[PDB]
Amino acid sequence: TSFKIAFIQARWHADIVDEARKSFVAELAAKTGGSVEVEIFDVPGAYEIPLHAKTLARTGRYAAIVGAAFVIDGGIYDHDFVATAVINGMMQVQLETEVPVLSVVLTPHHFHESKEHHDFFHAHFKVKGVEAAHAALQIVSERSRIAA
Amino acid sequence: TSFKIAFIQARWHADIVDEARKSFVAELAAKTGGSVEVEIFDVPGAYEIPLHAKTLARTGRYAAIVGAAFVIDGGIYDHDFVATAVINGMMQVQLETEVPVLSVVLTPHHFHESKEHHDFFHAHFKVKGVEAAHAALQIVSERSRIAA
Amino acid sequence: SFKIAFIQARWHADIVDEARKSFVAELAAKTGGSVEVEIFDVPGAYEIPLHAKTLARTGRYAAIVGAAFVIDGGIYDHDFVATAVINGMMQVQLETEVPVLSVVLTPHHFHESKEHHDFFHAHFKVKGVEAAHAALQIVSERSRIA
Amino acid sequence: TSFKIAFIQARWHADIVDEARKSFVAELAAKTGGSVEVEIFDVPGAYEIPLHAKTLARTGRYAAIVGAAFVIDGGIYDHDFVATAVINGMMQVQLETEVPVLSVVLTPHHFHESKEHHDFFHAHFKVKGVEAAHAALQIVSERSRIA
Amino acid sequence: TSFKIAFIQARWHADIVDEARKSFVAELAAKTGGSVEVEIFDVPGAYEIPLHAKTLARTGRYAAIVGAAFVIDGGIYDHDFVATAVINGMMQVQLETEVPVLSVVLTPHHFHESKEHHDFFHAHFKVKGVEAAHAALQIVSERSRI
């Protein structure tokens, strides 16, 4: 099984999001040896992920795309508007291009800084990165059956 | 009569989602004898369901598709964004392909683990599986009356 | 002289029925019978948008009505469906250009008993009459600006 | 500085919505003399506004469309679903037909009747009607400059 | 590199929004010398931003578009409906025209006037303006690579 995966990661709070990418790339290598290679693409924020996924999806080069970002909802500013536009936009792109788009765009409830939490979120994203790899593998596999 | 149904089930919490598939298949068999056959498709999570339904729908092979997942909203992480993208997504796929997509993608309010609840949710999903079979049958039948 | 497709969900049929009954009657009173209504049953609210689109695509109807009772509240979040449906109906009408009227009602968190049951039956009877006046009015208004 | 505007007003609570239309038409008259004429169209409720706007927009006759309605959210019944379909629907229509659609579809938080409030809302809508006219003029003008 | 950016600012509360445009233009000049020029467009409210973005995007002239508005959610009137149509609308536009659209459409939680807050919001918008500039540059660059 040989295919490429585009992983789009937002850079706001890159220290957290990076945990997921590292985790994701690792597991993928463990589980496939290296016959599945992952190309990384940086993007300013979550809001730039959908158009980037659509562009990349359109190239025909990837079997799946992952968009990861940490969207901290809460503070003086309402941020859920963005999270909604982004998760919905990703759904829209995959329905339109027919390339699976997996989401590692996490939105905590109203977390609130400190080595207390910082370690919580770093742990959590490491986990979600592993899960993401398992899903990516599984959905690619499953689609190539379902269409044969 | 005779036609096929694709049943897409998400694997996160499979132990609960399974109850719905079992019950759905069963009732379908009882009520039709066997003239309506159900093909099962696995998928990592809820978010993977819309594109899978669109791909399966576009094959012409099914009179109806059922998407079933358990989306536990609540915890440190906001999970409603995904439930929304998925329930809206399924709606969008059926409108675009014109193959009915029924939902058994359930989102409890903020359930909280323990043989207490676990039996509640296993029960509820078994029921929703039966209702879903009656719904599937009734909608396919009703559409073929309109249509012609 | 024209047809109206009335799509009614069957979950809680006892309540939705009030609306249809009411709708049909008023429609007969106000027009005589030159506007006929065809009824379509559907398992739940979620089945209404595709049904509306299919019917709207036939060219037979001047307007479609989707009626259902979507009880939001309980251990399960139900607003996701209410949302997909009301939005879906808007989407259908924008795409097909046949008016779709909504009698898809979502109470706040009603809670059973002859107390409420009579409340909701009354309310749906009213909404059904309003719905008929609306259907007549919009069909009429569109044929002018058309 | 001479064009037409379609004003779509919902009739539920017409007593309130009407304030907005009156005010809108007046200000438009004052600020333009009369070279900008407004055609009014009635519609049952807010839910009927997007398809009407699409139809009217697609005629080519109007430089802008205004949908106005009062959507009372709150009571035993959840009403926000409709407000969302409508405000989103108007956005969709303008994106698709490229004729500006301005919103005077107002949703108070959970107002609660009485000469107390009735005068509040009548006032507010008269205000939003004026603002709407300024907006209308400004956006039509701005578009004809840039593309 | 050398390309143009359309900056669409809403005029309601212009005193605050302006802070962001000022800041955005500056940082862009600082960081690029002047090889990247910004064209400003005024619009009544936030709700007028997506169509404007779409029209400007369709001209071919711009590498990116920025929409900036202050949407004060809260008061007797629900305002989130608009915020939602606008941010979703901008996302839609960029998906359809494929010209990046950046958002500086901010909605505070329920701020409440006074030199106390006024300076808070003016400060915050100045900051988001700088960030927007860095984002604009970065996404234009990154797209021309892929």
# chains A, B, ... in the order shown; residues from 1 in each chain; ligands from 1
$ closest_atom_pairs --of "chain B" --to "chain A" --cutoff "7 Å" --atoms "only C-alpha atoms" --output "Markdown table"
| residue | atom | partner | partner_atom | distance |
| --- | --- | --- | --- | --- |
| B:43 | CA | A:139 | CA | 6.3 |
| B:44 | CA | A:135 | CA | 5.4 |
| B:51 | CA | A:95 | CA | 5.6 |
| B:76 | CA | A:109 | CA | 5.5 |
| B:77 | CA | A:108 | CA | 4.2 |
| B:78 | CA | A:109 | CA | 5.4 |
| B:81 | CA | A:84 | CA | 6.1 |
| B:82 | CA | A:87 | CA | 6.9 |
| B:85 | CA | A:88 | CA | 5.3 |
$ write_last_selection --atoms "C-alpha atoms" --output "PDB file, in the first residue's frame"
ATOM      1  CA  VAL B  43     -15.260   3.867   8.965  1.00  0.00           C
ATOM      2  CA  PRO B  44     -13.041   5.362  11.748  1.00  0.00           C
ATOM      3  CA  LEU B  51     -17.932  11.301   2.075  1.00  0.00           C
ATOM      4  CA  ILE B  76     -12.629  19.307  28.204  1.00  0.00           C
ATOM      5  CA  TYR B  77     -13.097  19.334  24.379  1.00  0.00           C
ATOM      6  CA  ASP B  78     -16.124  20.984  22.538  1.00  0.00           C
ATOM      7  CA  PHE B  81     -18.635  21.174  15.805  1.00  0.00           C
ATOM      8  CA  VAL B  82     -18.108  17.710  14.454  1.00  0.00           C
ATOM      9  CA  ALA B  85     -20.599  18.978  10.282  1.00  0.00           C
TER      10      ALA B  85
END
$ residues_around --residues "region 26-37 of chain A" --least-positions-apart "3" --cutoff "6 Å" --atoms "only C-alpha atoms" --output "ChimeraX atom specification"
/A:2-4,23,133
$ residues_around --residues "residue 5 (chain C)" --least-positions-apart "4" --cutoff "10 Å" --atoms "only C-alpha atoms" --output "list in words"
residues 36, 37, 38, 39, 40, 52, 55, 56, 60, 61, 62, 63, 64, 65, 66 and 100 of chain C
$ write_last_selection --atoms "C-alpha atoms" --output "PDB file, in the first residue's frame"
ATOM      1  CA  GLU C  36     -56.175  20.877  -4.045  1.00  0.00           C
ATOM      2  CA  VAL C  37     -53.716  19.456  -1.460  1.00  0.00           C
ATOM      3  CA  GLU C  38     -51.926  16.062  -1.866  1.00  0.00           C
ATOM      4  CA  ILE C  39     -50.580  14.494   1.333  1.00  0.00           C
ATOM      5  CA  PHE C  40     -47.251  12.712   1.695  1.00  0.00           C
ATOM      6  CA  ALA C  52     -39.590  18.263  -0.818  1.00  0.00           C
ATOM      7  CA  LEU C  55     -41.738  16.602  -5.284  1.00  0.00           C
ATOM      8  CA  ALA C  56     -40.698  20.161  -6.133  1.00  0.00           C
ATOM      9  CA  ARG C  60     -46.720  19.586 -10.303  1.00  0.00           C
ATOM     10  CA  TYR C  61     -46.792  21.852  -7.248  1.00  0.00           C
ATOM     11  CA  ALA C  62     -47.029  25.593  -6.631  1.00  0.00           C
ATOM     12  CA  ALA C  63     -45.866  25.088  -3.096  1.00  0.00           C
ATOM     13  CA  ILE C  64     -44.739  22.464  -0.600  1.00  0.00           C
ATOM     14  CA  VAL C  65     -45.430  22.336   3.139  1.00  0.00           C
ATOM     15  CA  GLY C  66     -43.262  20.239   5.504  1.00  0.00           C
ATOM     16  CA  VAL C 100     -41.298  25.493   0.769  1.00  0.00           C
TER      17      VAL C 100
END
$ atom_distance --atom1 "CA of residue 139 (chain E)" --atom2 "CA of residue 21 (chain A)"
19.8 Å
$ atom_distance --atom1 "CA of residue 143 (chain C)" --atom2 "CA of residue 2 (chain C)"
11.9 Å
$ select_by_dssp --residues "region 19-102 of chain B" --states "strand (DSSP E or B)" --output "list in words"
residues 36, 37, 38, 39, 40, 41, 42, 43, 64, 65, 66, 67, 68, 69, 70, 77, 101 and 102 of chain B
$ write_last_selection --atoms "N, CA and C atoms" --output "mmCIF file, in the first residue's frame"
data_model
loop_
_atom_site.group_PDB
_atom_site.id
_atom_site.type_symbol
_atom_site.label_atom_id
_atom_site.label_comp_id
_atom_site.auth_asym_id
_atom_site.auth_seq_id
_atom_site.Cartn_x
_atom_site.Cartn_y
_atom_site.Cartn_z
ATOM 1 N N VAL B 36 -34.458 -7.892 1.304
ATOM 2 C CA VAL B 36 -33.795 -6.611 1.399
ATOM 3 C C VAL B 36 -32.503 -6.960 2.077
ATOM 4 N N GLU B 37 -31.407 -6.886 1.336
ATOM 5 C CA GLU B 37 -30.131 -7.173 1.967
ATOM 6 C C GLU B 37 -29.264 -5.953 2.386
ATOM 7 N N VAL B 38 -28.625 -6.060 3.523
ATOM 8 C CA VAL B 38 -27.849 -4.997 4.046
ATOM 9 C C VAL B 38 -26.325 -5.196 3.966
ATOM 10 N N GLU B 39 -25.599 -4.300 3.300
ATOM 11 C CA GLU B 39 -24.146 -4.381 3.257
ATOM 12 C C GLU B 39 -23.574 -3.429 4.336
ATOM 13 N N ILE B 40 -22.624 -3.882 5.149
ATOM 14 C CA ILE B 40 -22.030 -3.065 6.231
ATOM 15 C C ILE B 40 -20.726 -2.430 5.885
ATOM 16 N N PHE B 41 -20.517 -1.144 6.179
ATOM 17 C CA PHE B 41 -19.214 -0.515 5.891
ATOM 18 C C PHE B 41 -18.593 0.092 7.112
ATOM 19 N N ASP B 42 -17.344 -0.231 7.395
ATOM 20 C CA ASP B 42 -16.751 0.372 8.599
ATOM 21 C C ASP B 42 -16.036 1.679 8.252
ATOM 22 N N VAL B 43 -15.857 2.554 9.216
ATOM 23 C CA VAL B 43 -15.260 3.867 8.965
ATOM 24 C C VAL B 43 -14.751 4.302 10.366
ATOM 25 N N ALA B 64 -31.015 3.056 -0.143
ATOM 26 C CA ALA B 64 -30.880 3.865 1.039
ATOM 27 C C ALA B 64 -29.588 3.582 1.780
ATOM 28 N N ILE B 65 -29.102 4.587 2.533
ATOM 29 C CA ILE B 65 -27.860 4.518 3.313
ATOM 30 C C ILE B 65 -28.183 4.944 4.711
ATOM 31 N N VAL B 66 -27.565 4.281 5.674
ATOM 32 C CA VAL B 66 -27.750 4.576 7.101
ATOM 33 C C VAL B 66 -26.348 4.908 7.655
ATOM 34 N N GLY B 67 -26.254 6.006 8.401
ATOM 35 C CA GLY B 67 -24.968 6.364 8.971
ATOM 36 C C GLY B 67 -25.190 6.226 10.458
ATOM 37 N N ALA B 68 -24.380 5.436 11.169
ATOM 38 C CA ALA B 68 -24.568 5.330 12.618
ATOM 39 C C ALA B 68 -23.256 5.570 13.366
ATOM 40 N N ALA B 69 -23.322 6.462 14.370
ATOM 41 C CA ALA B 69 -22.147 6.810 15.205
ATOM 42 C C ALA B 69 -22.617 7.263 16.544
ATOM 43 N N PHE B 70 -21.730 7.292 17.507
ATOM 44 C CA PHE B 70 -22.056 7.794 18.834
ATOM 45 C C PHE B 70 -21.069 8.925 18.920
ATOM 46 N N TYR B 77 -12.917 19.008 25.802
ATOM 47 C CA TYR B 77 -13.097 19.334 24.379
ATOM 48 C C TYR B 77 -14.527 19.457 23.896
ATOM 49 N N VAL B 101 -30.488 9.406 2.996
ATOM 50 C CA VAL B 101 -29.491 9.012 3.977
ATOM 51 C C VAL B 101 -30.118 9.136 5.366
ATOM 52 N N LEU B 102 -30.295 8.048 6.109
ATOM 53 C CA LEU B 102 -30.900 8.105 7.463
ATOM 54 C C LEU B 102 -29.839 8.165 8.517
#
$ closest_residue --among "C:35, C:48, C:71, C:29" --to "residue 110 (chain C)" --atoms "only C-alpha atoms"
C:71
$ closest_atom_pairs --of "chain E" --to "chain A" --cutoff "8 Å" --atoms "only C-alpha atoms" --output "CSV"
residue,atom,partner,partner_atom,distance
E:83,CA,A:81,CA,7.4
E:84,CA,A:81,CA,6.2
E:87,CA,A:81,CA,6.7
E:88,CA,A:85,CA,5.3
E:91,CA,A:85,CA,6.6
E:92,CA,A:89,CA,7.9
E:94,CA,A:51,CA,7.0
E:95,CA,A:51,CA,5.7
E:98,CA,A:51,CA,6.9
E:100,CA,A:51,CA,7.3
E:102,CA,A:47,CA,7.7
E:106,CA,A:77,CA,7.0
E:107,CA,A:78,CA,5.6
E:108,CA,A:77,CA,4.1
E:109,CA,A:77,CA,5.3
E:110,CA,A:76,CA,7.7
E:111,CA,A:76,CA,7.5
E:135,CA,A:44,CA,5.4
E:138,CA,A:44,CA,6.8
E:139,CA,A:43,CA,6.4
E:142,CA,A:43,CA,7.6
E:143,CA,A:52,CA,7.8
E:146,CA,A:56,CA,7.6
$ write_last_selection --atoms "N, CA and C atoms" --output "PDB file, in the first residue's frame"
ATOM      1  N   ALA E  83     -22.827  37.639  12.496  1.00  0.00           N
ATOM      2  CA  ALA E  83     -21.478  37.211  12.654  1.00  0.00           C
ATOM      3  C   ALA E  83     -21.323  35.860  11.979  1.00  0.00           C
ATOM      4  N   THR E  84     -22.238  34.962  12.274  1.00  0.00           N
ATOM      5  CA  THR E  84     -22.216  33.665  11.585  1.00  0.00           C
ATOM      6  C   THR E  84     -22.379  33.645  10.007  1.00  0.00           C
ATOM      7  N   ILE E  87     -18.870  35.235   8.749  1.00  0.00           N
ATOM      8  CA  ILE E  87     -17.642  34.455   8.724  1.00  0.00           C
ATOM      9  C   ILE E  87     -17.717  33.202   7.845  1.00  0.00           C
ATOM     10  N   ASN E  88     -18.887  32.631   7.779  1.00  0.00           N
ATOM     11  CA  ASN E  88     -19.143  31.493   6.962  1.00  0.00           C
ATOM     12  C   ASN E  88     -19.087  32.000   5.545  1.00  0.00           C
ATOM     13  N   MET E  91     -15.628  32.390   4.155  1.00  0.00           N
ATOM     14  CA  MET E  91     -15.058  31.088   3.910  1.00  0.00           C
ATOM     15  C   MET E  91     -15.598  30.582   2.574  1.00  0.00           C
ATOM     16  N   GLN E  92     -16.894  30.762   2.355  1.00  0.00           N
ATOM     17  CA  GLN E  92     -17.495  30.341   1.106  1.00  0.00           C
ATOM     18  C   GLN E  92     -16.927  31.010  -0.133  1.00  0.00           C
ATOM     19  N   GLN E  94     -13.906  32.320  -0.478  1.00  0.00           N
ATOM     20  CA  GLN E  94     -12.621  31.927  -0.825  1.00  0.00           C
ATOM     21  C   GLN E  94     -12.590  30.505  -1.380  1.00  0.00           C
ATOM     22  N   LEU E  95     -13.543  29.671  -1.033  1.00  0.00           N
ATOM     23  CA  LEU E  95     -13.499  28.345  -1.501  1.00  0.00           C
ATOM     24  C   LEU E  95     -13.924  28.381  -2.911  1.00  0.00           C
ATOM     25  N   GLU E  98     -11.182  30.826  -4.827  1.00  0.00           N
ATOM     26  CA  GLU E  98      -9.771  30.446  -4.618  1.00  0.00           C
ATOM     27  C   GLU E  98      -8.764  31.611  -4.461  1.00  0.00           C
ATOM     28  N   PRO E 100      -7.394  33.695  -1.259  1.00  0.00           N
ATOM     29  CA  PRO E 100      -7.474  33.635   0.195  1.00  0.00           C
ATOM     30  C   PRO E 100      -8.231  34.825   0.761  1.00  0.00           C
ATOM     31  N   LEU E 102      -8.805  36.652   4.404  1.00  0.00           N
ATOM     32  CA  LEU E 102      -8.457  36.633   5.829  1.00  0.00           C
ATOM     33  C   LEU E 102      -9.437  37.424   6.639  1.00  0.00           C
ATOM     34  N   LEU E 106     -13.935  40.443  14.255  1.00  0.00           N
ATOM     35  CA  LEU E 106     -13.908  40.145  15.652  1.00  0.00           C
ATOM     36  C   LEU E 106     -15.216  40.321  16.406  1.00  0.00           C
ATOM     37  N   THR E 107     -15.580  39.370  17.253  1.00  0.00           N
ATOM     38  CA  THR E 107     -16.842  39.520  17.990  1.00  0.00           C
ATOM     39  C   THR E 107     -16.568  39.371  19.484  1.00  0.00           C
ATOM     40  N   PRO E 108     -16.590  40.467  20.257  1.00  0.00           N
ATOM     41  CA  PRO E 108     -16.320  40.310  21.668  1.00  0.00           C
ATOM     42  C   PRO E 108     -17.507  39.695  22.345  1.00  0.00           C
ATOM     43  N   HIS E 109     -17.260  39.069  23.489  1.00  0.00           N
ATOM     44  CA  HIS E 109     -18.290  38.332  24.240  1.00  0.00           C
ATOM     45  C   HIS E 109     -19.514  38.989  24.796  1.00  0.00           C
ATOM     46  N   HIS E 110     -19.346  40.260  25.066  1.00  0.00           N
ATOM     47  CA  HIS E 110     -20.382  41.105  25.527  1.00  0.00           C
ATOM     48  C   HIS E 110     -19.642  42.123  26.293  1.00  0.00           C
ATOM     49  N   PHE E 111     -18.903  42.927  25.525  1.00  0.00           N
ATOM     50  CA  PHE E 111     -18.111  44.021  26.024  1.00  0.00           C
ATOM     51  C   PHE E 111     -19.149  45.049  26.350  1.00  0.00           C
ATOM     52  N   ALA E 135       0.056  37.036   8.422  1.00  0.00           N
ATOM     53  CA  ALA E 135      -0.725  35.936   7.854  1.00  0.00           C
ATOM     54  C   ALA E 135      -0.902  36.121   6.384  1.00  0.00           C
ATOM     55  N   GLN E 138       2.421  35.370   4.590  1.00  0.00           N
ATOM     56  CA  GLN E 138       2.701  33.973   4.694  1.00  0.00           C
ATOM     57  C   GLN E 138       1.825  33.080   3.793  1.00  0.00           C
ATOM     58  N   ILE E 139       0.525  33.341   3.741  1.00  0.00           N
ATOM     59  CA  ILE E 139      -0.327  32.503   2.974  1.00  0.00           C
ATOM     60  C   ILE E 139      -0.155  32.769   1.516  1.00  0.00           C
ATOM     61  N   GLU E 142       3.213  30.835   0.681  1.00  0.00           N
ATOM     62  CA  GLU E 142       3.039  29.450   0.772  1.00  0.00           C
ATOM     63  C   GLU E 142       2.203  28.923  -0.389  1.00  0.00           C
ATOM     64  N   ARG E 143       1.206  29.678  -0.879  1.00  0.00           N
ATOM     65  CA  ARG E 143       0.369  29.175  -1.973  1.00  0.00           C
ATOM     66  C   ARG E 143       1.107  29.148  -3.288  1.00  0.00           C
ATOM     67  N   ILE E 146       3.155  25.738  -3.232  1.00  0.00           N
ATOM     68  CA  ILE E 146       2.386  24.561  -3.629  1.00  0.00           C
ATOM     69  C   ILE E 146       1.685  24.578  -4.903  1.00  0.00           C
TER      70      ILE E 146
END
$ interface_residues --of "chain C" --to "chain D" --cutoff "8 Å" --atoms "only C-alpha atoms" --output "ChimeraX atom specification"
/C:82-83,86-87,90-91,93-94,97,99,101-102,105-110,134,137-138,141-142,145
$ write_last_selection --atoms "C-alpha atoms" --output "PDB file, in the first residue's frame"
ATOM      1  CA  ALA C  82     -33.920  20.559  13.628  1.00  0.00           C
ATOM      2  CA  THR C  83     -31.073  22.596  12.155  1.00  0.00           C
ATOM      3  CA  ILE C  86     -34.883  23.849   8.498  1.00  0.00           C
ATOM      4  CA  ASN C  87     -31.777  24.747   6.707  1.00  0.00           C
ATOM      5  CA  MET C  90     -34.452  26.594   2.694  1.00  0.00           C
ATOM      6  CA  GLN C  91     -31.792  25.086   0.516  1.00  0.00           C
ATOM      7  CA  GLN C  93     -36.440  25.983  -2.234  1.00  0.00           C
ATOM      8  CA  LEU C  94     -33.609  28.149  -3.239  1.00  0.00           C
ATOM      9  CA  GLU C  97     -37.555  27.748  -6.829  1.00  0.00           C
ATOM     10  CA  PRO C  99     -41.802  27.796  -2.211  1.00  0.00           C
ATOM     11  CA  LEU C 101     -43.285  26.459   3.920  1.00  0.00           C
ATOM     12  CA  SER C 102     -42.317  25.296   7.286  1.00  0.00           C
ATOM     13  CA  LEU C 105     -41.993  23.291  15.126  1.00  0.00           C
ATOM     14  CA  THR C 106     -39.461  22.802  17.955  1.00  0.00           C
ATOM     15  CA  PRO C 107     -40.667  23.520  21.454  1.00  0.00           C
ATOM     16  CA  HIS C 108     -38.197  24.628  24.083  1.00  0.00           C
ATOM     17  CA  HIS C 109     -38.348  21.623  26.334  1.00  0.00           C
ATOM     18  CA  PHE C 110     -41.959  20.738  26.753  1.00  0.00           C
ATOM     19  CA  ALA C 134     -49.285  31.888   3.875  1.00  0.00           C
ATOM     20  CA  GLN C 137     -50.469  34.463  -0.241  1.00  0.00           C
ATOM     21  CA  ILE C 138     -46.986  33.492  -1.453  1.00  0.00           C
ATOM     22  CA  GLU C 141     -47.560  37.079  -4.878  1.00  0.00           C
ATOM     23  CA  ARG C 142     -45.031  35.105  -6.928  1.00  0.00           C
ATOM     24  CA  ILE C 145     -43.759  39.453  -9.858  1.00  0.00           C
TER      25      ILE C 145
END
$ select_by_dssp --residues "chain E" --states "alpha helix (DSSP H)" --output "ChimeraX atom specification"
/E:14-32,49-58,80-97,115-145
$ residues_around --residues "residue 38 (chain D)" --least-positions-apart "5" --cutoff "12 Å" --atoms "only C-alpha atoms" --output "compact mmCIF listing (two decimals) with N, CA, C and O atoms, in the first residue's frame"
# COMPACT_ATOMS: atom_id res chain seq x y z
N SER D 2 -29.69 57.41 -9.66
CA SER D 2 -31.08 57.06 -10.00
C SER D 2 -31.16 55.52 -10.27
O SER D 2 -30.56 55.04 -11.23
N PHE D 3 -31.87 54.77 -9.41
CA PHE D 3 -32.00 53.31 -9.55
C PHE D 3 -33.15 52.79 -8.75
O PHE D 3 -33.81 53.58 -8.08
N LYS D 4 -33.40 51.48 -8.82
CA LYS D 4 -34.47 50.95 -7.98
C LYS D 4 -34.00 50.02 -6.85
O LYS D 4 -33.01 49.32 -6.98
N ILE D 5 -34.78 50.00 -5.77
CA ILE D 5 -34.53 49.15 -4.64
C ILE D 5 -35.76 48.36 -4.36
O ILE D 5 -36.84 48.91 -4.37
N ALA D 6 -35.61 47.06 -4.15
CA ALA D 6 -36.75 46.24 -3.77
C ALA D 6 -36.68 46.07 -2.21
O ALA D 6 -35.66 45.74 -1.64
N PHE D 7 -37.78 46.34 -1.55
CA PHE D 7 -37.92 46.22 -0.10
C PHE D 7 -38.93 45.11 0.20
O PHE D 7 -40.13 45.22 -0.02
N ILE D 8 -38.43 44.02 0.71
CA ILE D 8 -39.29 42.89 1.01
C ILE D 8 -39.64 42.90 2.48
O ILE D 8 -38.75 42.74 3.32
N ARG D 21 -40.07 50.28 7.19
CA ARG D 21 -40.23 50.65 5.82
C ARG D 21 -40.49 52.12 5.68
O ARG D 21 -39.90 52.75 4.79
N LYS D 22 -41.35 52.67 6.53
CA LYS D 22 -41.72 54.10 6.44
C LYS D 22 -40.51 54.98 6.49
O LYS D 22 -40.21 55.78 5.60
N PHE D 24 -37.36 54.11 6.06
CA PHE D 24 -36.43 53.79 5.01
C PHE D 24 -36.78 54.61 3.77
O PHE D 24 -35.93 55.23 3.17
N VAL D 25 -38.07 54.62 3.43
CA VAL D 25 -38.52 55.29 2.24
C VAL D 25 -38.42 56.76 2.34
O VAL D 25 -38.18 57.46 1.34
N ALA D 26 -38.58 57.24 3.55
CA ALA D 26 -38.52 58.65 3.79
C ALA D 26 -37.11 59.17 3.64
O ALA D 26 -36.85 60.14 2.98
N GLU D 27 -36.19 58.49 4.29
CA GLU D 27 -34.87 58.92 4.26
C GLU D 27 -34.36 58.85 2.87
O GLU D 27 -33.67 59.76 2.43
N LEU D 28 -34.71 57.78 2.17
CA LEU D 28 -34.28 57.63 0.80
C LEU D 28 -34.76 58.82 0.00
O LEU D 28 -33.99 59.36 -0.75
N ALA D 29 -36.01 59.24 0.18
CA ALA D 29 -36.57 60.39 -0.53
C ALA D 29 -35.83 61.67 -0.21
O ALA D 29 -35.44 62.42 -1.09
N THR D 32 -32.28 61.66 -1.71
CA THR D 32 -32.03 61.58 -3.14
C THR D 32 -33.01 62.35 -3.93
O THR D 32 -32.92 62.35 -5.16
N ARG D 61 -33.81 44.14 -12.43
CA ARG D 61 -34.33 45.48 -12.10
C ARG D 61 -33.81 46.21 -10.92
O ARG D 61 -33.94 47.39 -10.86
N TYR D 62 -33.16 45.55 -9.99
CA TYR D 62 -32.79 46.29 -8.80
C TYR D 62 -31.33 46.36 -8.44
O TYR D 62 -30.62 45.43 -8.55
N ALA D 63 -30.88 47.50 -8.01
CA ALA D 63 -29.54 47.68 -7.57
C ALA D 63 -29.32 47.08 -6.16
O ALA D 63 -28.17 46.84 -5.74
N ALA D 64 -30.42 46.91 -5.39
CA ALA D 64 -30.29 46.35 -4.06
C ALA D 64 -31.63 45.91 -3.56
O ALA D 64 -32.63 46.37 -4.05
N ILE D 65 -31.62 44.97 -2.62
CA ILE D 65 -32.81 44.41 -2.03
C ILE D 65 -32.68 44.45 -0.53
O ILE D 65 -31.60 44.22 0.01
N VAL D 66 -33.78 44.77 0.12
CA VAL D 66 -33.84 44.87 1.58
C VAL D 66 -34.90 43.93 2.07
O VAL D 66 -36.02 43.99 1.60
N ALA D 133 -31.29 52.72 4.89
CA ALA D 133 -31.21 53.54 3.72
C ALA D 133 -29.83 54.09 3.44
O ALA D 133 -29.41 54.21 2.31
N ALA D 136 -27.88 51.14 2.10
CA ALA D 136 -28.24 50.87 0.74
C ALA D 136 -27.53 51.76 -0.29
O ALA D 136 -26.92 51.25 -1.27
N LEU D 137 -27.58 53.08 -0.03
CA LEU D 137 -27.01 54.07 -0.93
C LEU D 137 -25.55 53.93 -1.02
O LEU D 137 -24.95 53.93 -2.06
$ interface_residues --of "chain C" --to "chain B" --cutoff "9 Å" --atoms "only C-alpha atoms" --output "list in words"
residues 40, 41, 42, 43, 44, 46, 47, 49, 50, 51, 53, 54, 55, 58, 73, 74, 75, 76, 77, 78, 80, 81, 83, 84, 85, 87, 88 and 92 of chain C
